[PDB]
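# Survey of secondary and tertiary structure
Next come the chains, spelled out residue by residue.
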Protein chains: 2
Amino acid sequence: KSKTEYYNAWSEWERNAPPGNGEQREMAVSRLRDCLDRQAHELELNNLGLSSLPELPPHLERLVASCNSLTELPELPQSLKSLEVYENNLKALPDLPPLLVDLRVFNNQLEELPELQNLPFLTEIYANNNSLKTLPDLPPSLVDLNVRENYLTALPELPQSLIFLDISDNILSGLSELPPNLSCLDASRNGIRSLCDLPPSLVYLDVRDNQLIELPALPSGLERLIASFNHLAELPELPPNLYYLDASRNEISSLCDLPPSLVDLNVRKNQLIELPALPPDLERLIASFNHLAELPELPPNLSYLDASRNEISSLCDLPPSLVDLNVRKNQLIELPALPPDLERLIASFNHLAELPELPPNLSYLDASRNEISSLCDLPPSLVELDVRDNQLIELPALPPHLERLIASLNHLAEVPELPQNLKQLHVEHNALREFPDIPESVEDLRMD
Amino acid sequence: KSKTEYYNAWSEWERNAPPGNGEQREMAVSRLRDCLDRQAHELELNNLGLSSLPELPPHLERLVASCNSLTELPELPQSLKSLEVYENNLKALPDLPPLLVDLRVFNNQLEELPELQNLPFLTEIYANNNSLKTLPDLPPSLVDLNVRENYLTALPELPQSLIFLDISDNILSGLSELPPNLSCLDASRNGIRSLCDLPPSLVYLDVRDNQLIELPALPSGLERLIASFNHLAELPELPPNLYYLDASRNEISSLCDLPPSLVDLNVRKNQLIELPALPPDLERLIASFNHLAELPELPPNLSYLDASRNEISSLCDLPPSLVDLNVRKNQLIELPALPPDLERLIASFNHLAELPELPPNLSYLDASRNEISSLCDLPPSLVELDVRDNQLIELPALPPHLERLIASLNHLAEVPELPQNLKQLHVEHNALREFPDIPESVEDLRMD
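- Per the PDB record, this model was obtained through X-ray crystallography at a reported resolution of 3.20 Å.

- Under the PDB entry, chain A has the name Yop effector YopM and belongs to Yersinia enterocolitica subsp. enterocolitica WA-314.
- The record deposited in the PDB is entitled "YopM from Yersinia enterocolitica WA-314".

### Brief notes about the pairing of strand 20 (residues 424–427) of chain A
All names here are of chain A.
- What you see with strand 20 is no split at all: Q424 and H426 on one side and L425 and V427 on the other are buried throughout.
- One ladder, built from three bridges, connects strand 19 (residues 404–406) with strand 20; its direction is parallel. Bridge assignment links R404 to a residue of strand 20, and that residue is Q424.
- Examined bridge by bridge, strand 20 and strand 21 (residues 444–447) share four bridges and lie parallel to one another. Within the sheet, the bridge partner assigned to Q424 lies in strand 21 and is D444.

### Re the layout of surface pockets
- Each pocket or cavity is described by its volume, and for the second largest pocket that value is around 960 Å³.
- Residue lining of the second largest pocket: 32 residues in total, with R249 and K269 of chain A together with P436, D437 and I438 of chain B positioned closest to the centre.
- In terms of residue class, the lining of the second largest pocket is made up of ten nonpolar, nine polar and 13 charged.

### As for empty space enclosed by the protein
- Taken as a whole, the largest cavity spans an internal volume of roughly 210 Å³.
- Taken together, 16 residues form the lining of the largest cavity, with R388, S408 and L409 of chain A together with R388 and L409 of chain B sitting closest to its centre.
- Here the lining of the largest cavity is built from residues that sort into three nonpolar, six polar and seven charged.

### Side note on the pattern of salt bridges
- Inspection of every chain in the model, using the stated rule, returns 43 salt bridges over all chains.
- A salt bridge links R369 of chain B to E428 of chain A; its shortest N-O distance comes to 3.0 Å. Residue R369 of chain B is located in the loop between strand 17 (364–366) and strand 18 (384–386), and its partner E428 of chain A is located in the loop between strand 20 and strand 21; the two belong to separate chains. Residues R369 of chain B and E428 of chain A agree in their burial class; the two are buried.
- A salt bridge links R148 of chain B to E149 of chain B; the nearest nitrogen and oxygen atoms lie 2.8 Å apart.
- A relative accessible area of 31% places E149 of chain B in the partly exposed class.
- Residues joined in a network through salt bridges with shared partners are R328, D366, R369, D386 and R388 of chain A together with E428, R446 and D448 of chain B.

### Looking at the interface of chain B and chain A
- Of the residues lining the interface, 27 residues belong to chain B; the matching set on chain A comes to 26 residues.
- Taking both partners together, chain B and chain A bury about 2,000 Å²; carbon and sulfur atoms supply 35% of that area.
- Considering only the surface of chain B that becomes buried against chain A, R369, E440 and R446 of chain B emerge as the three largest contributors, covering 27% of it.
- Counting every contact that joins chain B to chain A gives ten salt bridges.
- Linking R446 of chain A and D366 of chain B is a salt bridge whose minimum nitrogen-to-oxygen distance equals 3.1 Å.
- Our enumeration of links across chain B and chain A arrives at 18 residue pairs in polar contact.
- Sort the elements by how many residues they give to the side of chain B that touches chain A and strand 21 (residues 444–447) of chain B lands first, with three residues.
- A class-by-class count of the residues in the side of chain B that touches chain A yields eight nonpolar, three polar and 16 charged.

Procedures and definitions
- Residue positions are given from 1 per chain in written sequence order; they need not agree with the entry numbering, and residues without coordinates are hidden.
- A letter from A marks each chain and a number from 1 marks each ligand, given out in the order of writing.
- Remark: hydrogens and water are excluded; side-chain values derive from all non-hydrogen atoms of the structure.
- Residues with missing side-chain atoms are left out of burial classes, side-chain pairs and their counts.
- When accessible area is computed with a 1.4 Å probe and restricted to protein chains, residues below 20% of their type maximum are described as buried, those above 50% as exposed, and intermediate ones as partly exposed.
- Secondary structure elements are taken from DSSP: a helix is a run of H or I of four residues or more, a strand is a run of E of two residues or more, and numbering for both begins at the N terminus.
- Between any two strands, at least two bridges found by DSSP are needed for them to pair.
- The way it works is a 1 Å grid over only the protein atoms, where trapped points that fit a 1.4 Å probe form a cavity and open points with protein on both sides within 12 Å along at least five of seven lines form a pocket, and then any residue with an atom within 4 Å of a point lines it.
- Grid points are joined across faces, edges and corners, and a volume is the space filled by probe spheres set on the points.
- For this classification, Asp, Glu, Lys and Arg are treated as charged, while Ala, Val, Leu, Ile, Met, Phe, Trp, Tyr, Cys and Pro are nonpolar and the rest, including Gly, are polar.
- What makes a salt bridge here is a side-chain nitrogen of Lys or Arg within 4 Å of a carboxyl oxygen of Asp or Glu, nothing more.
- Whether two residues touch is decided by their heavy atoms; if any such pair falls within 4.5 Å, the residues are in contact.
- Buried area counts how much accessible surface, traced with a 1.4 Å probe, disappears from two parts once they are put together, with both parts' losses summed.
- Polar contacts, as counted here, are pairs of nitrogen or oxygen atoms within 3.5 Å of one another; within protein the pair requires one atom able to donate a hydrogen and one able to accept it, and residues that are adjacent in sequence qualify only if both atoms are side-chain atoms.

Below you can see the structure in the form of structure tokens.
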């Protein structure tokens, strides 16, 4: 086509929008002409509310037409190197030109993709969030593939060249093989029943929410493993570079040894009776919802500990690095000395008769559902106090920066003078002979 | 005298400003010279962190030097019409020039003000938040005075010309007779024991948090009255233009008639046994913490009602305009039909056996501490549900956009499948035969 032949086709397309609607076709034709006149490489038509596109200017390398309401596309020029048409209503794509490198077609209604095996320059496909039931055979040199949130039931052969692969939230039931250069795999939210070998190049592996009984041998290179919400009976041996492990909501009976590189562990909601020796550099331990009789000696750098919902009868020495401690629902009769930098303590649902001396940086304290007869002095740093369901007849003087006081289901005869910036006061089910004066600041009051 | 004499004084003042250097003196001398060179009216030196100012350019009308660390000021030029030096550390002011019109010296440590009676052009003084024990005699033509947050124990004579007056948060115990043009008075947070006469021109009156037994006659012009936190036994007759009344936290035994112009009423925390007939155009009624046996018929436009902490045994017809209803802590055995546009219902602490059909726009529901045996169907609009302390054995299907579920202290045998974006689940003290699966989303969990 000559130059004025395009000008006609585009001015004709400009009228096929009915007079008075949301489409900025006049702005689009302005850009189409500017692009043709200057032989520009890029053409961006995004956020103009288009239902269709006219014949595209040839000799362009990049077409961005995302965030519109397109139903299909016109044939693509042969010079085209990248295509960005995400956030549209595309049910299918045209045939793709040979020089193509990027394909971004996520957030559409694509039911199929065109033939991909003959686009050797195509290195990135983001076709996530579509209605794809199946993938055609992939390009030779594909580096990045994202096809999450689709209805895939099986996978084609994956290239040697492949590095990043997201196939999560599909209907996969197995993975036959992975390429040797894959460094990052997300296969969450499928129905996968078994993995085959993992390549040594792998460093991030996320298989959350599948139906595994066991994992294959893990690469020594592997750094982060997420294997939550499966039916794991045990973990395989863990590599020496693994620093983050989440194996929660499985049926693990016992852990193998943990490497010294491990800094973050989560084995919540399993069948553990005991933990093995924790590594020195561990900073975050979650071991809730298990059957723990006791914890092993805690490492010097541990800063967050959640050992709730267990049957721990005795709590060992707490390291000074600890800042967040939760031991709700255990068999505790006493807590040990609380470390100075502690900020949040949750020791509810045990058999405590009293609390240790509270450290001076404690901002949140929940010691409800114990048999506590009186409260030790409260630090001024305290903002939230929950001591419902205990054996209290009186509360100590309340710190001035307290915002929430919950002390219902006790035997309180009176409440102390209330802080002037208290937000919440819950003292139902008590023996109050006199009700306190309520600050203007309290917005959520329950009493008597 | 001359131009280069100022240039010297300012370059001398520029050296020096230790601890070198929290002060932008070089930027300030730049503006001082630009101001002198161009004979400009304004000079702004705010947010430059100055500890002092040098000799000012004469022939300027406006000096803005707020948000600095000034301890005193240089003598002010005679041409000066306005002064803005708030947010500083001024302990005193210089003598003020005759042509002055605005004085903004709030947020300082001023212990006294200079002689004001001889500045006839001075029409606005904002000297609030200082350490003033006393005011000098005021200008003849003063229109606006703000001296809130000071240590005043008495007031000088107020001009005829005075319109707006804020004297709140001081140590006043009585009021020096008010001028006849005053349209707006705030005398909150003093120890005022008695008001004398209010001028007819008055339209806004705020005497919150004083020690009044009664109010003088109110002007017919009066539109908004705040008289909270006093010892009022009764209100005087209310004028026909009054649209906002807050008489909460007093000792009122009964209300007089309410004018039809009244749109917002608050008589919380009084000694009321009944309310009088509500006006048709009322939109907001707060009558909490009283001894109400029943409410009168509610007007068609009432949108917010808080009649909590009373002894109401029967609740009359609720108008469709109602959106926010709170009847916590009364003698209710049943609720009437809930209007369609209702969004928040709080009916906790009554004797309810069941709830009416919940309207479809209800987002927050608290029906705790009743004797409810089963819950009617919950609308999908519901985000927060509190039904603790009731006679429930099961919960209905939970709407999908529920974020908080509190159903502790019941007889629940099981909980329904939980919404996937639930934040809080509190179901302690129940009969759960099996515990539900906990979504990843729930961050605050309490259960048996």
